[PDB]
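First comes one chain, alone, set out as structure tokens in the form deposited without the named molecule.
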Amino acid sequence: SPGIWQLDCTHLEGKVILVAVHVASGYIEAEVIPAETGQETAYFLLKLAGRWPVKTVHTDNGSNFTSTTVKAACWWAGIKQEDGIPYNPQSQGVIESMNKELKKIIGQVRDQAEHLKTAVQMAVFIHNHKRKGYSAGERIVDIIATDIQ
């Protein structure tokens, strides 16, 4: 459970925003890419897994689930690849809500940056530091530290 992440893909300004959410904490990492390909998704997971102890990834769609490049990256990084089928139906609406929230934050910072990618990273910052009184950033560290001990 401290090792579970969910992939999520959303669109803005004719570009793709790839998101990984740490399910237990709500902590996210994100990147802007021209389009969702197996190679981009594989590279993103490789980055994620070098930064956080990723055990399981729920993929965002069947193309990334099937992608041989994605499967190779998960093998390389010791990640168990799974489907992201909302067996809990709450799950899809939660993602939708996260995408709406992220896009809201992007809109609030959009004018402070020329390039979308910069605005996305600012939104990641704001999302992860937001107090809700712990932040997502604090929760993920606490969850994983507890798990290490």
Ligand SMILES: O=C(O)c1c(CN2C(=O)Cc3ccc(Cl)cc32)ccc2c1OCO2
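Quick note: we count residues from 1 along the sequence shown, nothing fancier.
Just so it is clear, the following notes concern the form deposited with the named molecule bound, a form of the same protein that is not shown.
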*Looking in the deposited bound form, any heavy atom of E82 within 4.5 Å of the named molecule?*
no
_Interface membership of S97, the named molecule in the deposited bound form, 4.5 Å heavy atom rule_ = yes
*Is any part of 116-131 within 4.5 angstroms of the named molecule in the deposited bound form by a non-hydrogen atom, and which residues would that be?*
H127
